[PDB]
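One structure is given here, and the rest of the page talks about it.
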Amino acid sequence: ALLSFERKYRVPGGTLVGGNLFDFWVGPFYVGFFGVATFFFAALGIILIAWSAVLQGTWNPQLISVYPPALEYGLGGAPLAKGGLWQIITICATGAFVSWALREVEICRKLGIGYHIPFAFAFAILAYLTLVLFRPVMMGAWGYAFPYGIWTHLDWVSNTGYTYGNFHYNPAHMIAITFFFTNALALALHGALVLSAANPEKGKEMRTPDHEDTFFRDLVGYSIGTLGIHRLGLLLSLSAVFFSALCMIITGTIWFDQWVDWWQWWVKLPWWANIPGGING
Amino acid sequence: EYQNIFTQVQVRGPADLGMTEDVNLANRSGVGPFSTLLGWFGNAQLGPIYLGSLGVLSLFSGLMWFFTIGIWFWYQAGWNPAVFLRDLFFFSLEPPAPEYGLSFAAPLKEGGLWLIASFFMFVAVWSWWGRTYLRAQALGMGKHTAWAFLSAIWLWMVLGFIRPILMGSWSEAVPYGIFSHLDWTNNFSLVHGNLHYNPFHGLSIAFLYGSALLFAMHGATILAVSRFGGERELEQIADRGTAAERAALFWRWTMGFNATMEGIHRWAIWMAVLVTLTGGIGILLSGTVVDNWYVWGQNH
Amino acid sequence: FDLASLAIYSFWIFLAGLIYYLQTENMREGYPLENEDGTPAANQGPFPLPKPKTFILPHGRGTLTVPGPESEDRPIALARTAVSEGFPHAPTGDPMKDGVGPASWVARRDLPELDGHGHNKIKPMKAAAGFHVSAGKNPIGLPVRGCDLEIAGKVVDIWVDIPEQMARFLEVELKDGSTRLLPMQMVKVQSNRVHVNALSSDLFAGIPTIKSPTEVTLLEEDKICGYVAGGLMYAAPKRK
Ligand code: BCL
Ligand code: BCL
Ligand code: BCL
Ligand SMILES: CC[C@H]1c2cc3[nH]c4c(c3C)C(=O)[C@H](C(=O)OC)c4c3nc(cc4[nH]c(cc(n2)[C@@H]1C)c(C(C)=O)c4C)[C@@H](C)[C@@H]3CCC(=O)OC/C=C(\C)CCC[C@H](C)CCC[C@H](C)CCCC(C)C
Ligand SMILES: COC1=C(OC)C(=O)C(C/C=C(\C)CC/C=C(\C)CC/C=C(\C)CC/C=C(\C)CC/C=C(\C)CC/C=C(\C)CCC=C(C)C)=C(C)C1=O
Ligand SMILES: COC(C)(C)C(=O)C/C=C(\C)CC/C=C(\C)CC/C=C(\C)CCCC/C(C)=C/CC[C@H](C)CC/C=C(\C)CCC=C(C)C
Ligand SMILES: CCCCCCCC/C=C\CCCCCCCC(=O)OC[C@H](O)CO
Ligand SMILES: CCCCCCCCCCCC[N+](C)(C)[O-]
Ligand SMILES: CCCCCCCCCCCC[N+](C)(C)[O-]
Ligand SMILES: CCCCCCCCCCCC[N+](C)(C)[O-]
Ligand SMILES: CCCCCCCCCCCC[N+](C)(C)[O-]
Ligand SMILES: CCCCCCCCCCCC[N+](C)(C)[O-]
Ligand SMILES: CCCCCCCCCCCC[N+](C)(C)[O-]
Ligand SMILES: CCCCCCCCCCCC[N+](C)(C)[O-]
Ligand SMILES: CCCCCCCCCCCC[N+](C)(C)[O-]
Ligand SMILES: [Cl-]
Ligand SMILES: [Fe+3]
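Residue numbers (the deposited numbering), protein chains in the order written: chain L, 1 to 281; chain M, 2 to 301; chain H, 10 to 249.
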């Protein structure tokens, strides 16, 4: 089925591969070559997860966990049950994620819009590969990657963080957190503002964008503008994820001690390093 | 291809003094200077700003909270400026010791000053909340902003006021300090058996992650259809244009469903407020009802 | 069944009602779903259509009630390419002129968008008292070059979003003396020229024209922007 206004957009063209061979829809979904690829990787990856569940002996989704190879395996292959399934599933997940982004591109072309969406999705993919590929390789073993399990992958976060004391002191970690908080702050304000203008008080006409500007100037003395806030949200969310991959790519590769020690440079500067008093005196 | 991330050609005209409606124009400042720097990314105009009793009260109360922490930090530094800058992130204004319970009798150096600062922060935040309401009201707008702000206040209230009271001791509140309140956060999880296994904490993470997901989707979507004037979302709500249609169809073709120009902003406001709404619930239950989230989790 | 279990169960019930509410609110445009022949589709999904809401538009522009009887209010020059549903619909003529596909436009009101004071939101800079270029390259006077690397005309004015103080269109003078508007988001202002990768020099004349030299209506903006973006797909054969 179609939306009332959708037919005029369902024209041929825009594909990157296969011409018109895969240029069609299934219900609302556009297929395309990379829609087929996505389905192939996704189906294969899910079969291997079910397979890993059989080997594990449970079908409870809360208990299923596909672990990567043991550290002793280094960066070589491992048997399916001893980490090989994690390796193949990791290949499939990458195939699925990338195929998804190239599918979005074909949809951008057919609709004649910009490519901002798949470009933004590529940041989330980069963060994923930072944890399963870039960092394990730089450290020398797939075992440093995180396991595919609802709860076991939370334990990996906790075990990895506490290996370096309180991960809070990771300075790139602080920056990434600031962007996550600021982004949620900005998302809440932006959604509230449009709705407050489109749904004014009872007995009122719909407001104008000038009211949005006036409200925020009255509040904090500045309005970033209708276009600026969408630039800002895109930037806050991507920067959050950029500094996330950054705070990890450096953990265990160029930094190995507790992250609180990183801050001792500022403290023990030879001039005020020895002054009596204070917290560090 | 031009991506519309930074303005190519800035234009400037007479300052916009803004809508009037029922705003008391007596409390509006003059217009500030234009910022070509900001002009590359958003609007270049600074000001005017509305300054009323609540704003003056919030602003003054906020500075007092800031100054109270400040002179505590100078006191911890022995009034030495060098020590002050060196140990700035290490200073901390701690709440009263558990012995004082919920009493305001703690000496200044023993948590009394933390109580004074918290009072000023309490007045500053709540007078600022009433400000987000009255500014929308003066322009005849909905109060969505004030209600979204309540969600953030709710977590802030739980962390430093509601939960400590229910625990019966101000010592359970958070300290004022850069590193000290990071340390407080870590100890809180260890004491309560791993917050990873607090379901309201996991929900809070899902909406935090989801907020970055949704704003990247929405920001990227609007920029992709800004070639059709898609950022003029209010008129797109009143008169759907090809921008709203292409934006909706991109997501329909991609994941099987879509939003409207208005409806996506209800997804956004709820995605964001749910972060602190569920978070405050999780914190409120820690120690009052549940002492160990991992152990509690094994039975559910 | 402690208080924590009750709270987390209560929340999931609340979140289900919230999702149901959010989805229905996002069905106020484009629904009910249609078959490819325009008739109502048999399967409309598990979420019902929301009950109508009313916006009172400012400046005496009337009221909008959504959902409501949908209509394109314009002919669509397409034709099925398959008996079964789910396949593309092919243009029957010139898709750029017929405004289909990436060249589509919506039948918005033939009125200009207004600012908070009831004045036209977008104006040519020559009619905008006090407005000027404050940073970056001033394109006025520069030649406009198409994807074929031929010059189509000369930038003669900038149409400005006054409330936002933003450039939204370039007014370009064609060799025949007339002018056209170009979306600011689809041009690349350079040191010596303005380059438009979406259109070839000989497709500028085909950009829809406006009926007033000092204003542009929402319908005109949609026809202009649709046509220009459509060039990316349909003007590619001569894109060097
Ligand atoms: C005890 C644990 C430690 C700790 C240790 C760590 C470790 C270790 C790491 C972090 C990382 C992060 N931490 Mg920390 N951290 C702690 C405390 C905190 C606190 C806090 C308030 O105390 C906060 C706010 C944070 C915040 C954060 C973020 C900056 C970051 C996670 C986001 C990210 O990378 O996304 C990136 C986004 C993704 C990976 C998602 C990718 C999605 C892919 C592309 C697509 C998936 C498709 C899906 C399968 C399809 C399903 C389809 C169906 C239809 C549904 N941490 C404590 C001190 N933290 C992580 C990080 O930076 O990672 C890079 C990380 O690994
Ligand atoms: C980001 C840094 C850390 C990390 C730290 C944490 C922490 C800490 C928490 C989670 C939580 C979650 N994480 Mg994790 N997580 C990481 C990487 C991932 C990846 C990945 C492919 O990279 C995925 C798919 C997930 C998936 C998930 C969900 C099970 C859950 C909610 C997230 C959410 O809503 O996000 C925002 C996204 C959306 C709202 C969009 C919808 C996403 C849906 C929910 C995804 C479902 C995935 C499904 C269960 C797994 C694949 C199914 C396949 C069909 C086989 N994590 C890395 C290793 N993650 C929380 C939880 O409750 O865990 C139990 C939690 O507390
Ligand atoms: C060792 C660390 C512990 C842990 C301990 C805690 C604790 C403790 C808490 C959190 C909380 C949070 N954690 Mg945790 N957390 C851990 C691991 C993680 C991981 C991870 C990758 O593993 C992630 C992604 C998270 C993520 C999160 C967030 C979802 C959540 C904070 C919401 C928020 O926006 O607060 C930021 C927003 C606020 C603090 C609201 C404040 C708003 C106020 C009103 C404004 C202040 C005004 C002031 C005057 C500003 C200055 C004025 C200037 C003019 C600007 N945690 C581990 C297991 N986490 C919180 C939560 O809700 O938990 C359920 C919490 O309390
Ligand atoms: C970069 C900024 C933020 C962001 C942006 C972002 N995400 C995006 C996009 C954008 C712009 C899309 O366009 C795209 C989309 O279409 O969203 C609706 C997407 C998307 N972000 C998603 C999820 C997601 N994003 C996240 C985060 C973020 N996304 C960032 C915070 C997170 C987390 C953990 O925070 C998650 C879980 C999807 C809903 C969607 C991508 C869907 C996709 O790629 O589908 C193809 C793949 C499948 C259908 C299934 C493949 C299955 C695998 C073969 C097996 C499983 C492997 C996996 C390792 C299992 C491990 C699970 C355990 C950890 C529990
Ligand atoms: C203003 O303009 C905007 C819109 O319109 C006006 C929007 O519509 C949206 C989209 C946003 C929403 C609808 C809000 C809800 C979304 C959320 C919370 C994000 C989280 C979403 C999800 C968790 C859903 C994810 C769904 C999937 C990944 C789909 C599942 C995958 C399937 C079915 C497989 C894909 C199918 C194929 C490849 C084709 C089949 C192939 C074969 C070979 C058979 C945005 C951002 C926007 O700015
Ligand atoms: C030159 O330097 C001078 C001296 C001028 C300065 O100004 C230096 C100043 C600084 C360096 C500022 C330093 C500031 C900080 C480090 C702030 C750090 C704060 C945080 C990390 C956030 C912690 C906030 C969390 C808490 C604990 C909030 C408590 C709020 C409560 C909800 C209110 C509780 C109220 C109580 C107990 C009673 C009051 C009365 C009522 C009626 C409620
Ligand atoms: C900038 C220096 C002068 C003082 C600044 C004080 C602090 C606030 C700063 C920026 C606010 C950024 C906007 C954050 C959220 C905006 C929500 C929104 O949608 O705004 C769009 C636009 O303003 C409506 O048309
Ligand atoms: C389809 C693109 C995939 C490229 C990147 C995938 C990285 C997977 C990491 C696991 C590698 C395991 N292996 C096969 C090397 O032993
Ligand atoms: C990791 C996968 C990344 C995919 C996202 C790519 C986004 C940029 C799209 C630009 C496409 C340009 N081109 C020539 C194909 O039209
Ligand atoms: C506690 C957080 C609540 C989330 C905010 C949702 C707002 C929706 C209700 C609109 C109220 C607006 N109104 C009617 C007061 O103008
Ligand atoms: C408004 C958007 C709603 C999105 C809902 C996403 C649900 C994520 C599930 C996270 C699991 C939470 N829990 C309770 C198991 O810890
Ligand atoms: C919890 C996340 C699940 C969200 C995914 C929902 C599937 C896409 C929407 C339905 C598409 C198929 N349908 C109903 C239109 O025929
Ligand atoms: C037995 C009561 C247990 C606690 C219930 C928690 C779930 C309610 C959360 C939604 C609160 C309603 N609100 C204000 C956000 O609209
Ligand atoms: C504790 C609440 C119990 C579950 C009932 C709530 C389900 C409906 C959710 C209402 C949200 C809709 N609205 C209009 C307030 O935004
Ligand atoms: C991640 C939370 C979002 C849950 C998704 C719920 C929306 C599914 C809507 C499917 C029906 C859409 N349809 C066919 C009527 O257009
Ligand atoms: Cl005020
Ligand atoms: Fe928006």
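Note that beta-carbon positions come from the ideal geometry of N, C-alpha and C, so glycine has one too.
Per-residue DSSP class, three states only, for residue i
| i | result |
| --- | --- |
| L/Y9 | helix |
| M/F150 | helix |
| M/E236 | helix |
| M/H202 | helix |
| H/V164 | strand |
| M/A139 | helix |
| L/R109 | helix |
| H/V153 | strand |
| M/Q299 | helix |
| H/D231 | helix |
Span separating the alpha-carbon of residue i from that of residue j
| i | j | result |
| --- | --- | --- |
| L/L187 | L/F181 | 10 Å |
| L/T226 | H/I131 | 15 Å |
| L/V137 | L/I125 | 17 Å |
| M/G19 | L/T130 | 47 Å |
| M/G211 | H/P104 | 39 Å |
| M/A239 | H/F64 | 8 Å |
| M/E111 | M/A98 | 7 Å |
| M/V24 | M/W115 | 37 Å |
| H/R154 | H/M242 | 18 Å |
| H/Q199 | H/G39 | 40 Å |
| M/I265 | M/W171 | 41 Å |
| H/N206 | H/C156 | 5 Å |
| L/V241 | L/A127 | 7 Å |
| H/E182 | H/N129 | 23 Å |
| M/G31 | M/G48 | 7 Å |
| L/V132 | M/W73 | 46 Å |
| L/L238 | M/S54 | 39 Å |
| H/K247 | H/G240 | 10 Å |
| L/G191 | L/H116 | 20 Å |
| L/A184 | M/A248 | 22 Å |
| M/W66 | M/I154 | 17 Å |
| H/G215 | H/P172 | 30 Å |
Bridge-paired residues (DSSP) for residue i
| i | result |
| --- | --- |
| L/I91 | Note: L/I91 sits in no beta bridge, so no partner. |
| H/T63 | H/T74 |
| H/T188 | H/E182 |
| H/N129 | H/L123 |
| M/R267 | Its beta-bridge partners do not exist; DSSP assigns none. |
| H/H204 | H/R154, H/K197 |
Please write down, chain order preserved, every residue whose beta carbon lies under 5 Å from a heavy atom of ligand 16. This selection yields M/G53, M/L55, M/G56, M/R132.
What ranges does the alpha helix (DSSP H) occupy inside the segment 33-101 of chain M, keeping only unbroken runs of at least 4 residues that lie completely in it? List check, alpha helix (DSSP H) in window: 37-40, 54-77, 82-87.
Inside the segment 25-77 of chain L only - alpha helix (DSSP H) runs reaching at least 4 residues: Assignment of alpha helix (DSSP H) within the segment 25-77 of chain L, counting only whole runs of 4 or more residues, yields 32-56 in chain order.
Kindly provide the ranges of any alpha helix (DSSP H) runs that are 4 or more residues long and lie completely inside the segment 199-239 of chain L, ordered along the chain. 209-220, all fully within the segment 199-239 of chain L.
Pull every residue with its beta-carbon under 6 Å away from any heavy atom of ligand 8, and keep them in chain order. Taking every residue with its beta carbon within less than 6 Å of a heavy atom belonging to ligand 8 gives, in chain order, L/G77, L/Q87, L/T90, L/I91, L/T94, L/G95, L/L133.
Closer than 6 Å between the C-beta and any heavy atom of ligand 14: which residues qualify, listed along the chain? For ligand 14, the selected residues are H/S19, H/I22, H/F23, H/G26, H/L27, H/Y30.
Around ligand 15, which residues pass a check of Cβ closer than 5 Å to any of its heavy atoms? This selection yields M/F258, H/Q32, H/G54.
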